[PDB]
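> Compute the structure for the input listed below.
(chains A, B, C, D, E and F)
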Amino acid sequence: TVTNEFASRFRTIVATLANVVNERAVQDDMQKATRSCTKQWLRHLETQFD
Amino acid sequence: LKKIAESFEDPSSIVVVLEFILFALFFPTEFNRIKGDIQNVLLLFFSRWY
Amino acid sequence: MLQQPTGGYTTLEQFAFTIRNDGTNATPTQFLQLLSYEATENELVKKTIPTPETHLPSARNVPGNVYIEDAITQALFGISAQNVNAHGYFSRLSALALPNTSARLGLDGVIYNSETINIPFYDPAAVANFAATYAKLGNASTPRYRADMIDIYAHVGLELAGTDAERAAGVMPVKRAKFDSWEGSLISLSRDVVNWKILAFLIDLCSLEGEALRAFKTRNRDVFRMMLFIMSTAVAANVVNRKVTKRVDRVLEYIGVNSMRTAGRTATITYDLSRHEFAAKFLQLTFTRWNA
Amino acid sequence: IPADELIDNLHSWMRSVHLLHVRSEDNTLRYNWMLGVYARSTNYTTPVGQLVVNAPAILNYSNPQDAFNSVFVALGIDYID
Amino acid sequence: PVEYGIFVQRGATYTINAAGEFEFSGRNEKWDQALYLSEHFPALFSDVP
Amino acid sequence: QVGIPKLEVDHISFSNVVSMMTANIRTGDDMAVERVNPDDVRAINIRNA
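Numbering: from 1, shown residues only, chains lettered A, B, ... in the order given. Next up is the structure itself:
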C-alpha cells in the first residue's frame, strides 16, 4: 500500500555505497572533502529515486 | 558499452559505479548484453578500492 | 573425406614433402645428406620436456573458415610473419577437438565450421586426435602456458645433428652445421618448406599408433629434421659463408642453441619474440608426441 | 662515538619509524617488511606506496609468495624495482 | 624544521582507542573539516609531549 | 611433384598470379580515436614500473 520494493532496494544499494565511500581511505584533503560530500549526494539520489 | 575512462582515485568516482547499478536496474537486459565491458571498468574500481 | 591409410596421409603421393635442390625436387633426406658438422667445446644435455598443459584453449566464436595450416607454417618457417600470437587463431584448432563436431579440416588446411561440398577433408577422428594436442598452440602467448625457448632447442639439435650414439647418450657437442650451398639457400629452403602440407605429417603423428606410428617415425624422420633445420637457422646466432676453392659452404652456428635473436638478417627467416614463443610451444608439443 | 650518544640517537630514530599496517588476530599473517619499508621510504607516493596507504592490510600475508603477487595483481604491473 | 620533522612524522592526526590512549596516524596529511565529525583530532592540539 | 619456382630458373614467364588487396582492405588511411586525458595532472602515476 505504501512500500515500493524498488525504491527500497535502491535504499539498501545507496546504504552499501555510502558505507563503501565512507570506508574509502584517502591522502588528499580535497579527497577527504569529497568523501564526505558524496555521502550527502548519495542520500539525495536516494530520495529522488524514491 | 561506450567506454568510460575512470581511474577511481577520487571518492566521487563512485558515481560511475552507481551509474552502472542504475543501468542494471532500469535496464537489466541491455545490461546483460554489455556486462563484461562493464566488468572491465568495475575491475579498475575493485583493484583501486578493494 | 580422405581416408587415412594404414600408414599416414604422408604415404599418399599427394602429400609428399620435398625441397628444391640442384634443379630437382629432392626429398628432405637427400638434402640432409649434404649436411656436415663441426663440434665445438660447448655441450648440450637434454633435460626432460615438461608435459604439455592439460587445458585446451577455447576457440572463439569465429564465423570464417580460419586458414590454420598457412598460419602455422608461416609462423614457424615464414619469411615475414610477425605478431603471430596477436590474432590468436590457432585456438580454432580446438573446434576440431570435440567428438562429433560439425567442423572439418580441409586438405587445404582451412578449418570449415561445417562440412562443405567439393572440399576434401581429413578423417574427423584422426583430426580430433591431432587437434586434441595441437590446439595448445593456442596458448603459446598466454603467460601461464608458455614453453621454454632455451632448453627445448637441445632436443632440436639432438634430432638434427645428433649421431645415433650421441642420441642414445642424450648429450652432444654443440655442433655447427655446414653444406655446399647455392645463392640464398636458406631462404629458398624455408620457402620450399612453407609450402609443405605439414598438417598431414602432424595428423599422422597424432593419430597413428603402434607399429604404423613407429614406421611413420622412421619414414618421416628426415622431414621432421628438415623443419627442425629451418627453425634452427631461425635461431642460429650467425650464418656465415666460407669460400672453398670455387665453392661456397654455408655454415650456421650453432645447432641446438637459441640465441633469441630478433633483429632480422638476409641470410635466414627471423623470429619476432612471439614467433619464438610459438616455435617453442610447437616444439614442446611435437617432441612430446615424437617421444612416446 | 661514545656508546651513550649512539645508543640514544639510535633510540630516537628507531622511535621515529611508524610503519603502516593492520593488526590482525589470525595466527598465520606476517608483515611484508620489505614492501612496507619501501612504501614508507618514498613518503608513500609510489603506486605500491599509495597501494599500501589505502589498503595497509594488503601487506599482511600467509603464503610467502602470494605476498608480492597480491601487489602485482592489485597494481596491474609486471614487476617492481 | 627538525621539530616539525619529528612532529609531522609522529602523525598529523590521531584517534582515541577504547583503552583511551591516543594513537597517531604516523602520516603527514592536511586536515579537512570533514574529519571534525570523525574519530580523528589534529595533532598540534593533542598535548602529548 | 611441386612446381618449379619461376625465379629458380632463367626462363621468362608472362602470366603470373599477382595477389592484390580488394576495396575492402585498405591501408595507410587515417584513423579516428577518442583521446581521454587524465582527470587530474597531479593524480598521474609517473613512477612505478
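> from here on, contacts and neighbour counts on C-alpha atoms
Fine.
> Alpha carbons of the top helix by length along chain C, as CSV, please.
Secondary structure assigned by DSSP state H gives helix C:273-290 as the longest helix of chain C. Once non-C-alpha atoms are left out, helix C:273-290 reads as follows in CSV (Å, rounded to 0.1, in the frame of the first residue of the first chain):
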residue,chain,number,x,y,z
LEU,C,273,59.5,-12.8,-29.9
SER,C,274,56.0,-14.1,-30.5
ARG,C,275,57.4,-16.4,-33.1
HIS,C,276,59.9,-17.6,-30.5
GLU,C,277,57.1,-18.4,-28.1
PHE,C,278,55.1,-20.1,-30.8
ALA,C,279,58.1,-22.2,-32.1
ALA,C,280,58.9,-23.2,-28.5
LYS,C,281,55.4,-24.3,-27.9
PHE,C,282,55.2,-26.2,-31.2
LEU,C,283,58.4,-28.0,-30.4
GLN,C,284,57.2,-28.9,-27.0
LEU,C,285,54.0,-30.5,-28.3
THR,C,286,55.7,-32.1,-31.3
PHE,C,287,58.7,-33.5,-29.4
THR,C,288,56.3,-34.7,-26.8
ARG,C,289,54.3,-36.6,-29.4
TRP,C,290,57.6,-37.7,-31.1
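> which outside residues touch it?
For helix C:273-290, the external contacting residues (Cα atoms under 8 Å, 6 or more residues apart in numbering or on different chains) are C:49-52, C:75-76, C:82-85, C:133-134, C:136-137, C:140-141, C:146-149, C:152, C:155, C:205-206, C:217, C:231, C:260, C:262.
> Separate out the buried members of those.
Applying 16 or more other Cα atoms under 10 Å in any protein chain shown to the contacts of helix C:273-290, the neighbour count classes C:49, C:52, C:75-76, C:82, C:84-85, C:133-134, C:136-137, C:140-141, C:146-149, C:152, C:155, C:205-206, C:217, C:231, C:260 as buried.
> Now, the residues you listed that are in strands?
Members of the buried ones among the contacts of helix C:273-290 lying in strands (criterion: DSSP state E): none.
> any idea how far the closest residue to residue C:223 other than its chain neighbours is from residue C:254?
Excluding its sequence neighbours, the residue lying closest to residue C:223 (Cα to Cα, 6 or more residues apart in numbering or on different chains) is residue C:28, at 5.7 Å. From residue C:28 over to residue C:254 the distance is 21 Å, taken as Cα to Cα, to the nearest Å.
> again with residue C:90
30 Å.
> Grab the nearest non-local neighbour of residue C:253.
Excluding its sequence neighbours, the residue lying closest to residue C:253 (Cα to Cα, 6+ apart) is residue C:176, at 4.7 Å.
> Can you give me the neighbour number for that neighbour?
21 (other Cα atoms under 10 Å in any protein chain shown).
> Report the distance from the longest helix of chain C to the chain centre.
Distance of helix C:273-290 from its chain centroid, counting by Cα atoms, centre = their mean, to the nearest Å, is 8 Å.
> so who does the residue nearest to residue C:223 touch?
Residue C:28 touches C:17, C:18, C:19, C:222, C:223, C:226, counting by Cα under 8 Å, 6+ apart.
> Isn't the fourth one up against residue C:32?
Yes. Contact status for residue C:222 versus residue C:32: in contact at 7.2 Å, counting by Cα atoms under 8 Å.
> I'd like to know how far residue C:267 sits from residue C:234.
Counting by Cα to Cα - residue C:267 and residue C:234 are separated by 9 Å.
> what ranges do the helices span in the chain?
Assuming you mean chain A. Using DSSP H, helices in chain A cover A:5-22, A:29-49.
> Chain D is the one I meant
Going by DSSP H, chain D shows helices at D:3-16, D:33-41, D:47-54, D:66-75.
> ok, back up a step: residue C:267 and residue C:234: which has the busier surroundings?
Under the neighbour definition other Cα under 10 Å, residue C:267 and residue C:234 were set side by side, and residue C:234 has more, 33 against 19.
> Wait, a helix at the more buried one?
Yes. The assignment for residue C:234 is a helix, going by DSSP: H, G, I helix; E, B strand; the rest coil.
> is it true that it touches residue C:272?
No. When contacts are counted by Cα under 8 Å, residue C:234 is not listed as touching residue C:272 (10.2 Å).
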